[PDB]
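One chain comes next, on its own, written as structure tokens: the form deposited in one PDB entry.
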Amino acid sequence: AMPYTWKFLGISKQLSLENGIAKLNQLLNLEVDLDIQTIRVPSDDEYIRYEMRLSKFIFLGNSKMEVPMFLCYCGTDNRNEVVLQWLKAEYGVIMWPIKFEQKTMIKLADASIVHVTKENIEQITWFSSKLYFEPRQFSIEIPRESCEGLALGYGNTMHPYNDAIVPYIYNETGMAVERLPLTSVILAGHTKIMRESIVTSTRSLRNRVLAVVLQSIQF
């Protein structure tokens, strides 16, 4: 139901994977598929986006940022480690595991559902939301419908969880999620966002999610 677990690594240098891919190919005895896209993420910014299919890798880079690029990967398959070590050897880059803080987890939740159409109209793919806490464990759940009626009554926001769901959880319930140890955010049949990883039902991540990840690791 939710098969794909993603791990995130920040990279000290921005990479042009086109210029080394043949060495990886000779290393693995196969021809990897490498897709390259220049993507735009409106705020109602531009990124270079690599995708490597062998188990999958996704790279997001931005030259006008201090920490210019990160990668994320899913599957296993130990060839992922081969890929990582190959990157470290071929490019001489420093890579570190990415851990998502609570605020960043909420931003991640917003990025997972919010998108913008051709005529710059905001749209939100709504799912039932489950907030998991661990100081002992307890969770709160807001069904899809309630979430939708919550979005409309705020109303227009690129951050429905931070602008609507959570403050409403304060007003009517009396709970400050910001004051509580949030360990997981579950969007039913879509995505689970944790501190150290993101799980998805599909074999990909929203571009907005990638953008939020890259923006979060800026020293």
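Residue positions are given as counts along the sequence shown, with the first one as 1. Whichever C-alpha set is largest while still superposing within 1.5 Å between the two forms counts as the rigid core.
A chain break between residue 135 and residue 136 is present, corresponding to 4 to 9 residues of the deposited sequence without coordinates.
The modelled chain breaks between residue 54 and residue 55, where 10 or more residues of the deposited sequence lack coordinates. Between the stretches 190-198 and 149-157, it is 149-157 that shows the larger average CA temperature factor. Higher mean CA temperature factor, per the PDB entry, when comparing 91-99 with 77-85: 77-85. Sort the modelled residues of the chain by CA B factor and residue 23 lands in the highest third.
In the deposited entry, the Cα temperature factor of residue 36 places it in the middle third of its chain's modelled residues. The PDB entry assigns residue 47 a C-alpha temperature factor belonging to the middle third of its chain's modelled residues. Annotation for residue 60: C-alpha temperature factor in the lowest third relative to the rest of the modelled chain, per the entry.
Annotation for residue 166: C-alpha temperature factor in the middle third relative to the rest of the modelled chain, per the entry.
Form deposited in another entry: not shown, discussed below.
Lining up the core between this form and the one not shown shows that one residue from 27, 176, 36, 39 moves its Cα 2 Å or more, and that residue is 176. Residue 116 shows a C-alpha shift of 2 Å or greater between this form and the one not shown [criterion: core-superposed Cα displacement of 2 Å]. Relative to the superposed rigid core, the position of the CA of residue 67 differs between this form and the one not shown by less than 2 Å. Here residue 151 counts as shifted, since its C-alpha moves by at least 2 Å between this form and the one not shown after the core is aligned.
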